[PDB]
Asker: 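Sharing a structure here in structure tokens format.
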Amino acid sequence: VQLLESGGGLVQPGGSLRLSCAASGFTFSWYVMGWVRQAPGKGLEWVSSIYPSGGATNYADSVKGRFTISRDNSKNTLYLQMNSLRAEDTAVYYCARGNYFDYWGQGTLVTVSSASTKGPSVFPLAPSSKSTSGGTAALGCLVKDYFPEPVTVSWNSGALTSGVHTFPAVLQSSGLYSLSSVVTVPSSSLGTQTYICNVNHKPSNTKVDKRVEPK
Amino acid sequence: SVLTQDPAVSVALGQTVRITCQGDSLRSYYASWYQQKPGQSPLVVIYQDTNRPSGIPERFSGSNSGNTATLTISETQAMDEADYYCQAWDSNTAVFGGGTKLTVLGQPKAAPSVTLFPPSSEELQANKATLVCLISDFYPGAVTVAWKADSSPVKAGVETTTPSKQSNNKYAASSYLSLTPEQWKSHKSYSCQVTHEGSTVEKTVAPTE
């Protein structure tokens with residue numbers, strides 16, 4: 001059972017977006033489907049739902065006339081057309097299944113804002129053994145000054161997951177975000193063998209594979 | 001729409017907690033409850049007032065008498081710590097309560113791990129400088145972060161997160177100190193100073209390294 005949302009991002013006030021949720025692992029055309037959203041630091045707010053057929057069904061008063069829910073049962077896809085977006089519409093948007101909301105996808109972030117996107121500078125954090133416990137070293141990547149969320153970080157193209165900690169970003173005075181990902185690896189292996197931060201900021205279409213060398 | 005919830009509730013680990021939802025609408029819709037942990041999506045823990053989904057612990061139960069829905073958790077564990085939301089269908093509208101944040105006392109304290117990184121040569125070559133203080137594995141999730149250039153406190157230039165739960169019920173947090181290159185080279189050292197539950201960890205970093 002999978003709900004895969006898509007189509008979220010940065011949009012200017014007055015602008016449009018079309019969210020999309022591709023479902024699988026169940027019989028799509030049997031279920032009422034729906035959108036629930038969550039402003040950051042706020043609670044869950046119901047957006048709209050749609051019957052297995054097409055009538056659909058009500059909308060939250062705050063989006064009536066502006067949002068339209070629909071579905072394509074042959075592509076197992078739920079849609080949400082968002083027009084006349086405003087700042088108040090900024091939220092994670094979740095695809096949910098059923099009258100009881102029994103399954104939720106991971107959600108897609110919608111940011112409605114005048115500010116333009118900024119790609120991040122990516123700086124390496126050369127390995128240190130000061131605060132790692134036992135013969136290991138901590139090395140990392142500084143992902144500095146991007147907007148909006150999110151950023152994903154992986155190490156060695158995914159082949160390195162044991163010992164990775166990506167920290168939640170700070171939102172600075174500037175309105176820009178920054179975060180760090182740090183990985184703990186054997187000191188013995190500090191140079192034979194190599195470590196690459198893969199940083200990806202989809203909103204600005206920036207990717208960076210940063211090699212992190214011993215200093 | 002209508003539903004009202006208590007914004008915060010506490011319980012001792014092992015003791016029973018009741019989360020109350022009281023908006024009208026319940027007066028004979030049937031109520032669902034959702035659990036949401038930070039950085040995660042909601043799960044159903046109780047649906048149609050009383051029933052519990054396949055994998056939800058038996059200690060979760062629901063009640064509903066017209067006025068009020070109640071989510072009961074009988075022998076509370078550390079990982080019942082989450083946000084809890086009330087839901088009901090009015091007629092043509094799904095209504096959510098504003099949610100309840102559940103705190104579980106008194107889990108054992110954990111001391112912070114602290115890692116401080118100096119600015120990279122690349123960032124200095126880009127004419128900027130950022131000190132990075134990383135703080136993990138601490139509980140309770142309240143720390144104080146203070147920076148100093150040598151042993152003088154620095155005020156301007158500090159950005160600190162609020163602590164956030166990690167996979168293992170502990171907290172993590174970051175503090176960033178932005179400097180000019182000149183002020184980075186113009187001191188013998190900079191220090192990240194973390195205080196947690198009366199104890200203090202200080203990590204120090206020097207331009208001559």
Side-chain angles (χ1 to χ4, degrees), chain A residues 123-129 131-144 153 155 160-170 178-191 195 197 210 212 214-215, chain B residues 108 110-121 123 129-151 154 158-161 163-179 184 187-208:
Chain A
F123 299 111
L125 303 172
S128 171
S129 270
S131 63
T132 51
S133 306
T136 44
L139 59 109
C141 269
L142 180 53
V143 182
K144 198 187 180 201
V153 179
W155 285 86
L160 184 53
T161 47
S162 175
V164 169
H165 193 183
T166 301
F167 285 76
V170 216
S178 296
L179 62 73
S180 296
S181 183
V182 64
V183 55
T184 303
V185 305
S187 311
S188 78
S189 72
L190 250 202
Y195 297 99
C197 208
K210 196 66 162 184
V212 182
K215 181 183 58 66
Chain B
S113 169
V114 181
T115 304
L116 175 57
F117 291 103
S120 66
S121 332
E123 182 182 38
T130 307
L131 295 161
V132 178
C133 188
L134 303 178
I135 308 157
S136 50
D137 303 317
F138 63 99
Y139 183 91
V143 277
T144 282
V145 183
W147 292 78
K148 46 174 137 160
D150 298 298
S151 280
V154 344
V158 176
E159 315 278 348
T160 301
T161 66
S164 307
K165 329 211 46 172
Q166 45 193 57
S167 330
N168 65 351
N169 295 347
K170 299 158 117 189
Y171 283 89
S174 320
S175 185
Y176 293 76
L177 173 52
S178 278
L179 294 176
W184 163 242
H187 293 82
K188 298 140 65 199
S189 89
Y190 279 77
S191 294
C192 180
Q193 173 178 306
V194 181
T195 70
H196 177 241
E197 299 269 67
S199 291
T200 306
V201 170
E202 190 182 293
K203 299 309 191 76
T204 297
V205 124
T208 63

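These values consider heavy atoms only, across backbone and side chains, with no hydrogens, waters or symmetry-generated copies. Per chain, numbering begins at 1; letters A, B, ... match sequence-line order.
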Asker: Got a sec, which residues hit side-chain hydrogen bond (donor to acceptor under 3.5 Å, both in side chains) with B:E159, two or more places apart in sequence or on another chain?
Answerer: A:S173
Asker: To the nearest 0.5 angstrom, please state how far the OG atom of B:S136 sits from the CZ atom of A:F167.
Answerer: 4.5 Å
Asker: Within the 4.5 Å heavy-atom criterion, are B:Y171 and B:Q166 side-chain neighbours or not?
Answerer: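 No, every pair of side-chain atoms sits at 4.5 Å or beyond.
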Asker: Using the side-chain contact (heavy atoms from CB on, under 4.5 Å) rule, take B:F117 and A:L142 through it: C-alpha gap first, then chi angles, then the decisive distance, then the call.
Answerer: CA-CA 10 Å; B:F117 291 103; A:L142 180 53; over 6 Å; no
Asker: Measure across B:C133 and B:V194 and return the closest heavy-atom pair with its distance rounded to 0.1 Å.
Answerer: SG-CG2, 4.3 Å
Asker: Main chain of B:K188, side chain of B:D150: is a donor-acceptor contact present, judged purely on distance under 3.5 Å?
Answerer: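 Yes, the answer is positive, given that a donor and an acceptor are paired below the 3.5 Å cut-off.
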Asker: What residues, two or more places apart in sequence or in another chain, satisfy side-chain contact (heavy atoms from CB on, under 4.5 Å) together with A:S181?
Answerer: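 If we apply the side-chain contact (heavy atoms from CB on, under 4.5 Å) test to A:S181, skipping adjacent residues, the hits are A:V153, A:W155, A:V164, A:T166.
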Asker: Go through the structure and list residues passing side-chain hydrogen bond (donor to acceptor under 3.5 Å, both in side chains) with B:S120, not counting sequence neighbours.
Answerer: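 Result, side-chain hydrogen bond (donor to acceptor under 3.5 Å, both in side chains) vs B:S120: none returned.
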Asker: Taking the side chain as every heavy atom from C-beta outward, state whether B:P140 and B:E197 have any pair of such atoms under 4.5 Å apart.
Answerer: yes
Asker: For B:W147 and B:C192, run side-chain contact (heavy atoms from CB on, under 4.5 Å): C-alpha distance rounded to whole Å, both residues' side-chain angles, the deciding distance at 0.1 Å, then the answer.
Answerer: CA-CA 5 Å; B:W147 292 78; B:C192 180; 4.3 Å; yes
Asker: Give the ring-plane orientation class for B:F138 versus B:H196, where under 30° counts as parallel, over 60° as perpendicular and anything between as tilted.
Answerer: perpendicular
Asker: Would you compute the distance between atom CG of B:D137 and atom CG of B:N169 and round it to the nearest 0.5 angstrom?
Answerer: 11.5 Å
Asker: Considering residues at least two apart in sequence or located in another chain, which fulfil the side-chain hydrogen bond (donor to acceptor under 3.5 Å, both in side chains) criterion with A:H165?
Answerer: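 Listed in chain order: nothing, the list is empty.
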Asker: Given B:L134 and B:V114, is the side-chain contact (heavy atoms from CB on, under 4.5 Å) satisfied, shown in steps?
Answerer: CA-CA 6 Å; B:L134 303 178; B:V114 181; over 6 Å; no
Asker: Picking from A:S189, A:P214, A:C141, what satisfies side-chain contact (heavy atoms from CB on, under 4.5 Å) with A:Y195?
Answerer: A:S189
Asker: About how many Å separate CD of B:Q193 and NZ of B:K148, when rounded to the nearest 0.5 Å?
Answerer: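 B:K148 atom NZ to B:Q193 atom CD measures 5.0 Å (nearest 0.5 Å).
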Asker: Identify the heavy atoms of A:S162 and A:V183 that sit nearest to each other, and give their distance.
Answerer: O-CG2, 4.4 Å
Asker: Do the side chain of A:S187 and the main chain of A:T136 share a donor and acceptor less than 3.5 angstrom apart?
Answerer: yes
Asker: Within the distance-only criterion (no hydrogens, no angle test), does the side chain of B:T195 pair as donor or acceptor with the backbone N or O of B:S199 below 3.5 angstrom?
Answerer: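 No, B:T195 side chain to B:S199 backbone: no donor-acceptor pair under 3.5 Å.
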Asker: side-chain contact (heavy atoms from CB on, under 4.5 Å) for B:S178 and A:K144? Distances and angles first, verdict last.
Answerer: CA-CA 11 Å; B:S178 278; A:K144 198 187 180 201; 3.8 Å; yes
Asker: Who pairs with B:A129 by side-chain contact (heavy atoms from CB on, under 4.5 Å), at least two apart in sequence or on another chain?
Answerer: B:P119, B:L124, B:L179, B:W184
Asker: Given side chains that start at C-beta, do those of A:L139 and A:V185 come closer than 4.5 Å, heavy atoms only?
Answerer: yes
Asker: Partners of B:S189 by side-chain hydrogen bond (donor to acceptor under 3.5 Å, both in side chains), sequence neighbours excluded?
Answerer: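 Counting only residues at least two positions away or on another chain, B:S189 forms no side-chain hydrogen bond (donor to acceptor under 3.5 Å, both in side chains).
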Asker: Regarding A:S180 and B:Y176, is there a side-chain donor-to-acceptor distance under 3.5 Å anywhere?
Answerer: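 Yes, B:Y176 and A:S180 have a side-chain donor paired with an acceptor closer than 3.5 Å.
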Asker: Residues two or more places apart in sequence or in another chain: which of them pass side-chain contact (heavy atoms from CB on, under 4.5 Å) with B:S121?
Answerer: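 B:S121 satisfies side-chain contact (heavy atoms from CB on, under 4.5 Å) with no other residue.
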Asker: Would a 4.5 Å heavy-atom cut-off, applied to side chains only, mark B:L177 and B:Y190 as touching?
Answerer: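 SC-SC contact between B:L177 and B:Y190 confirmed.
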Asker: Any chance you could measure B:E202, atom CD, to B:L116, atom CG, to the nearest 0.5 Å?
Answerer: 10.0 Å
Asker: Going by atom types only, do B:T130 and B:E123 share a side-chain donor-acceptor pair under 3.5 Å?
Answerer: yes
Asker: Any chance the side chains of B:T115 and A:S131 put a donor and an acceptor closer than 3.5 Å?
Answerer: yes
Asker: To check you understand the geometry: which heavy-atom pair defines the closest contact between A:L179 and A:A169, and what is its length?
Answerer: CB-CA, 3.8 Å
Asker: Does the B:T208 side chain pair with the main chain of B:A206, one donor and one acceptor, at a distance under 3.5 Å?
Answerer: no
Asker: State the CD1-NZ distance between B:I135 and B:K203, to the nearest 0.5 angstrom.
Answerer: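 Spacing of CD1 (B:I135) from NZ (B:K203) equals 10.5 Å.
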Asker: What are the two closest non-hydrogen atoms of B:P118 and B:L131, and how far apart are they?
Answerer: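 So the two residues come closest at CA-CD2, 3.9 Å.
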Asker: Please identify each residue that fulfils side-chain contact (heavy atoms from CB on, under 4.5 Å) with B:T161, with sequence neighbours left out.
Answerer: A:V170, B:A173, B:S174
